[PDB]
């Protein structure tokens, strides 16, 4: 699950011949492929995009099709370098404080909407729902915010179901050149065996290379959020949470 090198976080069209060779090495290790010569693709990225899938299969009978499809997924992420997932609590306990949550997500979304950022809105209570599938399209983001404002909080606090939806997206569309951060807004008041499920799911987030941040609403349980987020420093209240994250994002945006 090693991330793509920084040189290779750029669009393939800007890749150098050295980059293409480095890309082939990374894949060999990432996908346990039959090793190939560094001179299998003796060209730059622009040239690589002109090859057909047949050309990939001819140059690498054992890995060509897989390499071609790996490249298609990279091209699909386009300029995305940072995937941001909002896991929002919509349990009964926040029915009278949802606008605060919405405003928080709204401010961050309007702040960093750009070609390099893709957004996903997830809400959770007794069930979890994807309000906005991961997208950097500003129109879809604007519609997703409208849907988010219309949410009526009801139900229990099953945050592990919310974290899963993000993990799922990260597994399918969220690797390669994109860094994934998950922002979970909740009071962290869990019942029964939910605390274990939530920490287990959060560990799967970190195993996918995702950094988990916990923004606490209401009288939030500090201890619980510290076990969900990566660290105590990644757990901060809503007040001043906009300023905090703005920086974390801006720093990651530096690539």
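Residue numbers count along the first chain shown, from 1.
Of the two segments, 27-35 and 53-61, the one listed with the higher mean B-factor is 27-35 (C-alpha atoms only). Higher average CA B factor: 242-250, of the stretches 242-250 and 16-24. Looking at 165, 154, 182, 123, the one whose CA carries the top B-factor in the deposited record is 154. The PDB entry assigns residue 174 a C-alpha temperature factor belonging to the middle third of its chain's modelled residues. Annotation for residue 137: CA B-factor lies in the lowest third of the chain's modelled residues.
Sorting the modelled residues of the chain by their CA temperature factor places residue 67 in the lowest third. Annotation for residue 206: CA B-factor lies in the highest third of the chain's modelled residues. When the modelled residues of the chain are ordered by C-alpha B-factor, residue 96 sits in the highest third.
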